[PDB]
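K.L.:
these chains are from a complex, not moved at all, and more is on the way:
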Amino acid sequence: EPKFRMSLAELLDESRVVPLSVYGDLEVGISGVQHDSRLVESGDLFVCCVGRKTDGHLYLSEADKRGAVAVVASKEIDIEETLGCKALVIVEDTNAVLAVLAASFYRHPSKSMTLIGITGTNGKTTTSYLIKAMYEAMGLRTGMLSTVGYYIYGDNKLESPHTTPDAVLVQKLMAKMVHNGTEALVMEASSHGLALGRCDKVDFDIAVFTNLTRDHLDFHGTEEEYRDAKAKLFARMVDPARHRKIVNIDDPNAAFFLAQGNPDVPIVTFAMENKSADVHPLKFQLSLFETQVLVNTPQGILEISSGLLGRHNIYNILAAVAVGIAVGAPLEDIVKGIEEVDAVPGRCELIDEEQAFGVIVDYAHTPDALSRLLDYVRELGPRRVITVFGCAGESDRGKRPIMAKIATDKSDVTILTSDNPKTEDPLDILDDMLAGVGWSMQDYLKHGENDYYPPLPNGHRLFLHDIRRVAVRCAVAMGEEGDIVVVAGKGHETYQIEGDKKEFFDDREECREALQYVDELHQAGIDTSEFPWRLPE
């Protein structure tokens, strides 16, 4: 039961799949037609995939090589040479072929059940799961797809290499879930996924943006391109008083996207400082464990969700409160959503439940995101800001010094490691990060022979180590009570590629074990105040 209405030629004919040239008919048995060659299987018709990386001819060639029965391309494609069925059809329109790849009944079920798209610059996945939990608490089973895992419908998420899977494969999975095991099939994609065409080829019931800003500026080549694409996709399939435009009023791209489309759709703002949005925290309970706010709005719920971040998590909770109140006016239904938001997900994780020093696992690789997360932690961090991260090999060489500078500018003590060696020589990119503060590895090594370790001119401190595990355990152990340790090297990722081989030894269980054994370390008498641990005798 992978899909339906895709194993007959009449089903493709009803789907307006006009290729202008076909041989015989689509008699080959195929559960669901997939535009992508990798998503399609042997003996299954594969329509042309429209994309900047892979064109129609390349997609048809890859499908014929993989064994697809039918391959669509602008020119004549010899798909029957290496296929299980001699019948094939070449479609000269790549976009039309990619649209008709999804079956009619397959696209109809996901469009009829429900749909919720969340394409934001920052904090989109934090609100997507909250909206999914709110919809689940409402009484309708649904799934929210993310960049880490593609989940068309249902609680479980299938493994996908790319951030946004194929549109035809996503539609087939959504149809299979809606057939049995799921009541709603919501397709949620980020700005890049929406601009590529993953979530664009799906009727979205509610298309709101968590954070509208310059997204895919280097890829699309023009600002507000992803917002315009999302607005066009929402206007393609829009219903009166059914689409939600909940977005921060401070962002001009959000207002520009809300201006486009059908005006009959409901519009609302989730800004806290704006008086027109009528939403406001009106509470002072920010903490590393839970930050509860008493929202006082006419449409929004009274209680808010406990967020780990000061403003980002609060903004995500405020954006999700609108989607939670749209289904049910009562605030009691948002209790499950608030509990799921406080569950400390992979992204911007909160501290551990055990009584110990705060540990925050974040996903920060780009300089701007790292800087904003560091600023939010400084605003949240009461006493100290301890961070440990590293750079990836064969990456942007100019990114390491600016990252090291932005980290050392606002952190008292920072540890520099090798987050992703990936065949690059160690102690080389580490020296690149050390050169940002003007130090060289030779100077730190010749100082390490002594027991002084002079600090930075601004008064801060900087440490480094080659291996990631020991340094991370030390950073988790070198922390004060009121201080919190931030690990911005990797978040939901669980892969460390040290050279040619990769090891999956990066997770929060190691931090939990370290926080559990720090008691025994302190009982033994070891000093974990600085990098040179004072070992007794």
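P.N.:
Received the coordinates, thanks. Numbering: from 1, shown residues only, chains lettered A, B, ... in the order given.
K.L.:
what count of nearby residues applies to residue A:242?
P.N.:
Residue A:242: 14 surrounding residues under other CB atoms under 10 Å. (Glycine included, C-beta is placed from N, CA and C.)
K.L.:
you'd agree it is up against residue A:205?
P.N.:
Yes: under the criterion of CB atoms under 8 Å, residue A:242 makes contact with residue A:205 at 5.8 Å.
K.L.:
report the buried residues of the host helix or strand of residue A:226.
P.N.:
Following DSSP states H and E, one finds residue A:226 within helix A:225-236. Under the neighbour-count criterion of 16 or more other CB atoms under 10 Å, helix A:225-236 has A:225-231, A:233-234 buried.
K.L.:
and stretch A:489-500, by the same measure?
P.N.:
So, applying 16+ other CB under 10 Å, buried residues of stretch A:489-500: A:489-491, A:493, A:496, A:498.
K.L.:
farthest-apart pair in these, please.
P.N.:
Taking CB to CB, the two most distant members of the buried residues of stretch A:489-500 are A:491 and A:498; they sit 18.8 Å apart.
K.L.:
can you pull the phi and psi angles for residue A:13?
P.N.:
Per-residue torsions, residue A:13: phi -70, psi -40 (degrees, to the nearest 10).
K.L.:
report how many residues lie close to it.
P.N.:
Neighbour number of residue A:13 under other CB under 10 Å is 14.
K.L.:
contacting residues around it?
P.N.:
By CB atoms under 8 Å, 6 or more residues apart in numbering, no residues touch residue A:13.
K.L.:
quick one, strands of the stretch 51-200 of chain A?
P.N.:
In the stretch 51-200 of chain A, the strands defined using DSSP state E, counting those that start in this stretch lie at A:116-118.
K.L.:
to the structure above, add chain B:
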Amino acid sequence: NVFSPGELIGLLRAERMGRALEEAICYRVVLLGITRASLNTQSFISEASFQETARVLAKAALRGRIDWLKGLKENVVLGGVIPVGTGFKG
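P.N.:
Chain B now in position relative to the chains above:
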């Protein structure tokens, strides 16, 4: 940087270096012995490896000494023609 405080250099070489170099070079005539003078030669195969055979090879392998076969017993141990008499060409 030219010579070390503890060295055994030739007399003519020392005199020529004194006439050449202005840096303070101080040397005193040492009267070697029958055994001591043989242990300090330009070859390690025969004229040096006859009495100790333990450290004369250790220090030679540590320094990587290149020995030019300009002696008699060196070529005797090697097996070639001795450069004395009929073997002396030129």
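K.L.:
re-run the earlier check on the buried residues of helix A:225-236 with chain B in the model.
P.N.:
A:225-231, A:233-234 (16 or more other CB atoms under 10 Å in any protein chain shown).
K.L.:
now whichever helix or strand comes after that helix: buried residues?
P.N.:
Using DSSP H and E, the helix or strand that follows helix A:225-236 in sequence is helix A:252-259. Buried residues in helix A:252-259, counting neighbours by 16+ other CB under 10 Å, are found at A:253-255, A:257-258.
K.L.:
now stretch A:5-17
P.N.:
Buried-residue list, stretch A:5-17, by 16+ other CB under 10 Å: A:5-9, A:11-12, A:15, A:17.
K.L.:
got CSV for those residues, with secondary structure and distance to residue A:110 too?
P.N.:
Shown next, in CSV, are the buried residues of stretch A:5-17 (DSSP: H, G, I helix; E, B strand; the rest coil; distance: CB to CB, whole Å):
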residue, secondary structure, distance to residue A:110
A:5, coil, 13
A:6, coil, 14
A:7, coil, 19
A:8, coil, 20
A:9, helix, 23
A:11, helix, 17
A:12, helix, 18
A:15, coil, 15
A:17, coil, 19
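K.L.:
got CSV for those residues, with distance to residue A:338 too?
P.N.:
Formatted as CSV, the buried residues of stretch A:5-17 follow (distance: CB to CB, whole Å):
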residue, distance to residue A:338
A:5, 40
A:6, 41
A:7, 45
A:8, 47
A:9, 51
A:11, 44
A:12, 46
A:15, 42
A:17, 46
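K.L.:
tilt between the helix holding residue A:226 and helix A:252-259?
P.N.:
Angle, helix A:225-236 to helix A:252-259, by axes from the mean of the first three to the mean of the last three CA atoms, to 10 degrees: 20 degrees.
K.L.:
quick one: contacts of helix A:225-236?
P.N.:
With CB atoms under 8 Å, 6 or more residues apart in numbering or on different chains as the contact definition, helix A:225-236 has outside contacts at A:117, A:119, A:191-192, A:194-195, A:199-200, A:202-204, A:207, A:209, A:212, A:215-217, A:220, A:243, A:253-254, A:256-258, A:260-262, A:265.
K.L.:
go ahead and add chain C:
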Amino acid sequence: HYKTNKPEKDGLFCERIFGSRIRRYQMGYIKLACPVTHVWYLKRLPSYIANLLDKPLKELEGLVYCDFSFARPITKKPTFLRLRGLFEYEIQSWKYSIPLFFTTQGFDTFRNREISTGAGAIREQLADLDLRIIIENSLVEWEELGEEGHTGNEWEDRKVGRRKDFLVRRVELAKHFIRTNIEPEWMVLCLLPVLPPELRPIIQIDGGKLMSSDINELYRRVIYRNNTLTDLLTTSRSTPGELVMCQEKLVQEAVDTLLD
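P.N.:
So, slotting chain C in with the rest:
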């Protein structure tokens, strides 16, 4: 082979790796699980390793023979264990708490940087030796010494002369390695050569007769101890350190006697 007079496979006088002048010229090689150190590079009165490591013979003898520990033999990666200990007669640290803290197999990847025992520690120390700053420090120490003018008895100026002679010998030894293509970490034997069979006393084998000499029985002893050591290392890694360090000493003393 007993009562067969045939060369046993993978032995001392075996075939295809030792065997008729090709047999007299062919040699063998034995891999050692634990590094060992040359006989005349250490025990002898001229101790080149001690002159290159700026440490008296007592501690190094201890590392090689007894069980002593260095603070950090190899200095090439950032270290966080502040020990500052030249030689520890006994182990008073929390070896069980520190190793079990981080992770299993997480302690092994970094223990060799600080906690190194055996001839491998000496090898790693000789490997990453900056031979261009050693001469600078030795020359500045020679210039500082002998200029203060602190007189005394014969035990004073005699010791001063011995120290400056050791320093000059160290400078002379260090200047050679810079321009001789000979690396200093080759003084330890990570692999042992094998003498050819005909060079060893071997007339013939008839009716299980073995013409093995003293060097042959020494080679048999060292290869027996080496294969037992590698079998003990391959069987279980959680065994007691005392027995494995004793066996490693046993093979080392054996290969030292063989080289002597």
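K.L.:
and the buried residues of helix A:225-236, now that chain C is part of it?
P.N.:
Within helix A:225-236, the residues that count as buried by 16+ other CB under 10 Å are A:225-231, A:233-234.
K.L.:
now swap in stretch A:52-61 and tell me
P.N.:
A:54-57, A:59-61.
K.L.:
which other residues reach it?
P.N.:
So stretch A:52-61 is in contact with A:35-37, A:46, A:48-51, A:62, A:71-75, A:77, A:79, A:90-91, A:94, A:97, going by CB under 8 Å, 6+ apart.
K.L.:
among those, which are in helices?
P.N.:
Mapping the contacts of stretch A:52-61 onto helices (DSSP state H) picks out A:62, A:94, A:97.
K.L.:
select from those residues the one having the most neighbours.
P.N.:
In terms of neighbours by other CB atoms under 10 Å in any protein chain shown, those top out with residue A:97 at 30 neighbours.
K.L.:
how about it, what does it touch?
P.N.:
So residue A:97 contacts A:17, A:19, A:35, A:47-50, A:56, A:72, A:91 (CB under 8 Å, 6+ apart).
K.L.:
quick check on residue A:415: phi, psi?
P.N.:
According to degrees, to the nearest 10, residue A:415 has phi -110, psi 130.
K.L.:
in the chain, which residue is closest to the centre?
P.N.:
Picked chain A for this. Nearest to the mean C-alpha position of chain A, by CA atoms, centre = their mean, lies residue A:147 at 4.0 Å.
K.L.:
please go with chain C instead
P.N.:
residue C:37 (2.9 Å).
K.L.:
report the contact partners of that one.
P.N.:
Contact partners of residue C:37, counting by CB under 8 Å, 6+ apart, are C:49, C:64, C:119, C:122, C:187-189, C:252, C:256.
K.L.:
how about these in JSON lines, adding distance to residue A:386, neighbour count and secondary structure?
P.N.:
What follows is the contacts of residue C:37, written out as JSON lines (distance: CB to CB, whole Å; neighbours: other CB atoms under 10 Å in any protein chain shown; DSSP: H, G, I helix; E, B strand; the rest coil):
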{"residue": "C:49", "distance to residue A:386": "43", "neighbour count": "20", "secondary structure": "helix"}
{"residue": "C:64", "distance to residue A:386": "42", "neighbour count": "23", "secondary structure": "helix"}
{"residue": "C:119", "distance to residue A:386": "40", "neighbour count": "22", "secondary structure": "helix"}
{"residue": "C:122", "distance to residue A:386": "38", "neighbour count": "23", "secondary structure": "helix"}
{"residue": "C:187", "distance to residue A:386": "44", "neighbour count": "20", "secondary structure": "coil"}
{"residue": "C:188", "distance to residue A:386": "42", "neighbour count": "22", "secondary structure": "strand"}
{"residue": "C:189", "distance to residue A:386": "47", "neighbour count": "20", "secondary structure": "strand"}
{"residue": "C:252", "distance to residue A:386": "45", "neighbour count": "22", "secondary structure": "helix"}
{"residue": "C:256", "distance to residue A:386": "50", "neighbour count": "20", "secondary structure": "helix"}
